[PDB]
Each structure stands twice: as C-alpha cells, then as structure tokens.
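For reference, each letter of the sequence shown is one residue, going 283 to 416 in this note's numbering.
Where is the CB? At the ideal position from N, CA and C, for every residue including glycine.
Contents: one structure, followed by commentary.
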Amino acid sequence: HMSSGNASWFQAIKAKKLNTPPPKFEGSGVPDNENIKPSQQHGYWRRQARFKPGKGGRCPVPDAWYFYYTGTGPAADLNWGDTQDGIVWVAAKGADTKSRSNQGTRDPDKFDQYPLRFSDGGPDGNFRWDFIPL
Numbered sequence: 283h284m285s286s287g288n289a290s291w292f293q294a295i296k297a298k299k300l301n302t303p304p305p306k307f308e309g310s311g312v313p314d315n316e317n318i319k320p321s322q323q324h325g326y327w328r329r330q331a332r333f334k335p336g337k338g339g340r341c342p343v344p345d346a347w348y349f350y351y352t353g354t355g356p357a358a359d360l361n362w363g364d365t366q367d368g369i370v371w372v373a374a375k376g377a378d379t380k381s382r383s384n385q386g387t388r389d390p391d392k393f394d395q396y397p398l399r400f401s402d403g404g405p406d407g408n409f410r411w412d413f414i415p416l
C-alpha cells in the first residue's frame, strides 16, 4: 500500500535549501522515546527525495530524512555502521549497537506521526521540522 509501510514512527525532518548535505547531529542523533531502553537508542536517517506537481514530470523540492532504528525500516538488513548513500548512522552514547528493538515501523493506519524532540541537541543548520504538540 505504502512502501511495505514502513511509515517512520516519527515526523520527517525537512531540509531548508535544496542540495543540503547529509545531516550532522549534535550528540545522539536519536529521537527521544519513552518506550525504549537507553541501550536501544540507535538507528538511521533515510533520505527521501520529494517532488512538487508542475510542468516537466514533477518538481524537485528540497530533500527530507526519516528515522528508523537498526533492523526496522527500508534498510533493516543493514547492521548499524554500514556505509551507504542516503543513510546517516546515529546512536546514543553507551548503546548496545548489537541490540535490536521490537518497535518496528509506524503503521500509518493509524498511529499518527510522532512528535520529534531532541534533548541532546539536534540536527545541523540545514534542516528543520514543524512543531507538534507534546
């Protein structure tokens, strides 16, 4: 239906300009989650290219990146650390990168988008994301 949905648990992080580089995170790079062990705070950022309706096919609007924990999501067969185009590897300090959760991916039918908080800092200057309640 939607990408083996596979909907990310958490709201996107849109990019500011076009041609923004892969995100730099200050600290963990890992969204705050109440239902998760400090040991299990690790995952990846996937770059999803967007388009706007228009003249030629469609229109390349700026990039976006979603969050999935290691072993969940459209690159779940990768170990944490695997170098790949379009993925940014993050993990909180002192986290079992050999562990795996069983949180999976958001079933958009419907667990609504999950608000993105980031107590240890956040992504760099080239990225933003809407405010969501809570």
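A distance below 7 Å between beta-carbons, with the five flanking residues on each side excluded, links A297 to the following residues of its chain, in chain order: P344, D345, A346, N408, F409.
If you look at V370, you'll find it in the beta strand (DSSP E) that goes 369-373. In this structure, DSSP gives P305 a state outside helix and strand, which the three-state scheme calls coil. Annotated as distal: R332 and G368, with beta-carbon spacing of 8 Å or more. For the pair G403 and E316, the CB atoms are not nearer than the 8 Å cut-off. For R329, the enclosing beta strand (DSSP E) starts and ends at 324-329. The alpha-carbon of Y326 is positioned some 17 Å away from that of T302. Exclusion of the five residues before and after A374 leaves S310, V312, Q323 as the residues of its chain whose Cβ lies within less than 6 Å of its Cβ. If the five residues before and after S285 are omitted, its C-beta is found closer than 8 Å to the C-beta atoms of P356, all from its own chain and listed in chain order.
Unbroken beta strand (DSSP E) runs of no fewer than 3 residues, entirely contained in the region 328-401, are found at 346-351, 369-373, following chain order. Looking at the backbone, the Cα of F413 and that of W291 are separated by about 16 Å. Within the DSSP bridge table, the entry for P405 names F307 as partners. No Cβ-Cβ contact shorter than 8 Å links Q385 with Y348. A straight-line Cα-Cα distance of about 12 Å links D394 and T387.
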